[PDB]
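The primary structure of each chain is shown beneath.
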2 protein chains.
Amino acid sequence: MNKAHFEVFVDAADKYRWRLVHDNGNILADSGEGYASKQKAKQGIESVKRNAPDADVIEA
Amino acid sequence: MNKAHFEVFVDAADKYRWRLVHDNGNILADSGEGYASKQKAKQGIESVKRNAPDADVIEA
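Residues numbered from 1 in each chain as written, not as in the entry; some residues may be left out. Chains lettered and ligands numbered in written order. Heavy atoms only, no water.

- Structure determination for the deposited model, as stated in its record, used solution NMR.

**Examining the overall build of chain A**
- When its secondary structure is counted, chain A shows one helix and four strands.
- In terms of overall dimensions, chain A has a C-alpha envelope of 30 × 25 × 20 Å along the principal axes.
- Burial status across chain A gives 32% buried among its 60 residues.
- Put simply, 19% of the contacts in chain A that link residues at least 6 apart link residues at least 24 apart.
- Accessible surface for chain A amounts to roughly 3,400 Å². Of this, 43% is attributable to carbon and sulfur atoms.
- Of note, chain A has its 9 positive side-chain charges centred 8 Å away from the centre of its 10 negative side-chain charges. (Helix = DSSP H or I, 4+ residues; strand = E, 2+ residues; numbered from the N terminus. Buried < 20%, exposed > 50% of the residue type's maximum accessible area, 1.4 Å probe, protein only. Contact = heavy atoms within 4.5 Å. Areas by Shrake-Rupley, 256 points an atom, 1.4 Å probe, with all protein chains shown as cover. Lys, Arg positive; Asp, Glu negative; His and termini not counted. Charge placed at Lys NZ, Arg CZ, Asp CG, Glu CD.)

**Observations concerning the packing of aromatic side chains**
Residue and element names in this part refer to chain A.
- Under the counting rule described, the total for this entry stands at two aromatic pairs over all chains.
- Ring geometry for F6 versus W18: centroids 5.1 Å apart, planes at 90°, classification edge-to-face. Of this pair, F6 sits in strand β1 (residues 4-10) while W18 sits in strand β2 (residues 16-22), and the two are 12 residues apart along the sequence.
- Assessed through its relative accessible area of 0%, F6 is described here as buried.
- The positively charged end of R19 is found above the aromatic ring belonging to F9, 4.9 Å away from the centroid. (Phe/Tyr/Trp six-rings, centres within 6.5 Å; stacked < 30°, edge-to-face > 60°. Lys NZ or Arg CZ within 6 Å of the ring centre and 35° of its normal.)

**Observations concerning the interface of chain B and chain A**
- At the junction of the two partners, chain B supplies 38 residues and chain A supplies 37 residues.
- With both chains or domains summed, chain B and chain A bury close to 3,100 Å², and 60% of this area falls on carbon and sulfur atoms.
- Three residues stand out in chain B for area buried against chain A, namely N51, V57 and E59 of chain B, and they jointly supply 16% of the buried area on that side.
- Counting across the chain B and chain A interface gives four salt bridges.
- In this structure, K42 of chain B and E59 of chain A form a salt bridge, with 2.9 Å as the shortest nitrogen-oxygen distance.
- Linking chain B to chain A there are 18 residue pairs in polar contact.
- Residue assignment for the side of chain B that touches chain A shows that the elements contributing at least two residues are β1 (4-10), β2 (16-22), β3 (27-30), α1 (38-49) and β4 (56-59) of chain B.
- Looking at the side of chain B that touches chain A element by element, the count peaks at seven residues for α1 of chain B.
- Of the residues that constitute the side of chain B that touches chain A, the class distribution is 18 nonpolar, nine polar and 11 charged. (Buried area = accessible area lost by both parts, 1.4 Å probe. Salt bridge = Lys/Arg side-chain N within 4 Å of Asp/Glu carboxyl O. Polar contact = N/O pair within 3.5 Å; in protein donor to acceptor, adjacent residues only side chain to side chain. Nonpolar A, V, L, I, M, F, W, Y, C, P; charged D, E, K, R; others polar.)

See below:
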């Protein structure tokens, strides 16, 4: 029912990162970290999809 | 079934952002955005929970 998709790309330091983008083109989320493997980047996405929908937001 | 939680904080420019952190203490995701409203930060989280678990990852 959503309109969005993840995209893994390379950082300025040749690192694998990702960002979630809505149909409009706004950044919804980002990997936060950077790594030297595309797999790990994708693992971050799957890690978030497995925690994000249940994780509670607190104001630090 | 998970171990994580969202946390909203201030950027170097007085902006409200957030990051998802697992029990391990690793950054799973980040807002990617940065704005002067705490509400917007939290809106980003809810928006990601509404797109992330359904969004498909593309390797750019």
